[PDB]
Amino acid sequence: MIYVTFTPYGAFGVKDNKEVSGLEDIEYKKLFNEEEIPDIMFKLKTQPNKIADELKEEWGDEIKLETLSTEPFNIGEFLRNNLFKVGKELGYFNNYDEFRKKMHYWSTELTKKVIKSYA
């Protein structure tokens, strides 16, 4: 059973909700290229079960998404508290100003898609 959290820049999984200190403790990593980030934020938001079946195929195990759980996962707490630092380590953000500007753009693009979804 793989427990998965998504950030804007990736999907990250660990078997059996194990504790996570660092990226070395993360067993499954799918990184997203920046041009698809908002599209994938919107698909997570509107068809999470489809996202889950896709990961089940790609990673080879049943999948629990954190967005479909009432209790946060160890992996989710780690990524939320280290969202900038892990994204810098992965090459998405060179500094905090960039992180801020990128997160803003992605969120704005996601909103645009959500507004459109409402006719």
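The first residue of the shown sequence is 1; numbering continues from there.
- The PDB entry reports B-factors from which the mean C-alpha value can be compared for 23 to 31 and 57 to 65; the larger average falls on 57 to 65.
- Relative to one another, 7 to 15 and 96 to 104 have unequal mean CA B-factors, and 96 to 104 is the one with the higher figure.
- When the modelled residues of the chain are ordered by their C-alpha B factor, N82 lands in the middle third.
- Ranked within its chain, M1 lands in the middle third, by CA B factor from the PDB record.
- In the PDB entry, a CA B factor belonging to the middle third of its chain's modelled residues is recorded for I40.
- In this PDB entry, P72 carries a Cα temperature factor that places it within the highest third of its chain's modelled residues.
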